[PDB]
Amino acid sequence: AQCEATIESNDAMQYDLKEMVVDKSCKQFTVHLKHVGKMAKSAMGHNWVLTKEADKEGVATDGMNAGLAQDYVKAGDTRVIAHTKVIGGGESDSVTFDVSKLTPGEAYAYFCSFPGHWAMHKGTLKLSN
């Protein structure tokens, strides 16, 4: 929605958008994550983490090991292009990142690194015009 997108997660490990396209006129892009469920963040919190499709399992494992105070993302993790905070039901969070961190054509993985969620709660991001 110009250089912005909103994506929702509910009380299942699902994003409502499975693919996001960043328009090639965008220098910055903003993701608004909303958790439209009603469950607590220690029970079913969710975040949105963007990495190259390669770095997903590695970031997810180190992310799980980082703990909730770190929003389940390793601090200063060089492989993380952008990430939101972990939010609970009824909350939302946004993150804006620079599109020149993305190579054209190339597919990126966005996923949730809350414990146990990475393999299910995931999607694809690509740059296109």
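Residues carry their position along the shown sequence, with the first being 1.
Here 21 to 29 and 7 to 15 are compared by their mean Cα B-factor, and 7 to 15 comes out higher. Higher average CA B factor: 57 to 65, of the stretches 57 to 65 and 43 to 51. Of the residues listed, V36, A75, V99, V86, the entry assigns the biggest Cα temperature factor to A75. Ranked within its chain, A109 lands in the middle third, by CA B factor from the PDB record. Sort the chain's modelled residues by C-alpha temperature factor and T103 lands in the highest third, per the entry.
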